[PDB]
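**Q** coords below, sequence missing:
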Ligand SMILES: [Zn+2]
Ligand SMILES: [Zn+2]
């Protein structure tokens with residue numbers, strides 16, 4: 001399941017640290033590095049277009065003040081994945097620019113169905129924060145199986 005067409009797509013999600021999603025692009029790039037000529041030319045526009053709107057937006061904004069690793073770190077944890085900074089920034093942006101209603105309408109095109117808690121079934125929670133042995137068992141290393149009670153995270157995540 002966790003090896004779909006998304007691996008060919010590898011587009012960065014707004015919560016995803018740039019280099020982390022680029023990491024799995026790099027794992028494909030290291031393999032299919034036959035046409036290096038097209039690959040390198042692609043990666044130039046590809047990785048920047050691969051970013052979430054906000055991410056490529058900041059890249060070009062802080063580019064002058066961010067050499068290379070700096071701009072990479074800038075897009076690592078955009079406003080912090082679990083930080084409240086991003087959540088308030090989303091509200092600050094919302095009142096400031098009317099472009100937020102446009103992307104709000106565009107949100108209808110986006111499958112925002114990730115909110116539904118992948119263990120409880122409903123979107124009352126978020127699976128990222130909801131730690132509850134409801135069903136399925138081990139979602140960590142087995143997904144389809146393994147005892148969730150004996151699944152201690154060691155050299156995995
Ligand atoms: Zn839940
Ligand atoms: Zn497990």
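**A** Yep, it's here. Residues are numbered from 1 along each chain as shown. Ligands and ions are numbered 1, 2, ... in the order given.

**Q** Need the residues that contact the helix or strand where residue 91 lies.
**A** Residue 91 is part of helix 84-96 when elements are defined by DSSP states H and E. Residues outside helix 84-96 that contact it (CB atoms under 8 Å, 6 or more residues apart in numbering) are 78-80, 100. For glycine as for every other residue, the C-beta is placed from the backbone atoms N, C-alpha and C.

**Q** That helix: how far from the chain's middle?
**A** 18 Å (CA atoms, centre = their mean, to the nearest Å).

**Q** Would you tell me which residues of the chain are close to ligand 1?
**A** 117, 120, 125, 130 (CB under 5 Å from the ion).

**Q** Contacts only, for the first one.
**A** So the one you mean is residue 117. Residues in contact with residue 117 (CB under 8 Å, 6+ apart) are 123-127, 130.

**Q** Look up how far ligand 2 lies from it.
**A** 19 Å (CB to the ion, to the nearest Å).

**Q** and what of the last one?
**A** With the distance defined as CB to the ion, residue 130 ends up 17 Å from ligand 2.

**Q** so that residue sits right up against residue 121, yeah?
**A** No. In this structure, residue 130 is not within contact of residue 121 by CB atoms under 8 Å, at 11.2 Å.

**Q** Comparing the two, which residue is more hemmed in?
**A** Neighbour totals were compared for residue 130 and residue 121, and residue 130 leads with 13 against 10 (other CB atoms under 10 Å).

**Q** Next up, the contacts around that one.
**A** Contact analysis of residue 130 by CB under 8 Å, 6+ apart lists 117, 119-120.

**Q** nearest to residue 52, of the residues you listed?
**A** Nearest to residue 52, judged by CB to CB, of those is residue 117 at 22.9 Å.

**Q** ok so, going back, which of the contacts of residue 130 fall in helices?
**A** The members of those all map outside helices under DSSP state H.

**Q** CSV for these, including distance to residue 51?
**A** Supplementary listing: the contacts of residue 130 in CSV, determined by distance: CB to CB, whole Å:
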residue, distance to residue 51
117, 28
119, 30
120, 32
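
**Q** Tell me how many other residues surround residue 110.
**A** Neighbourhood size, residue 110 [other CB under 10 Å]: 9.

**Q** For residue 15, see how far away it is.
**A** From residue 110 across to residue 15, the span is 13 Å (CB to CB, to the nearest Å).
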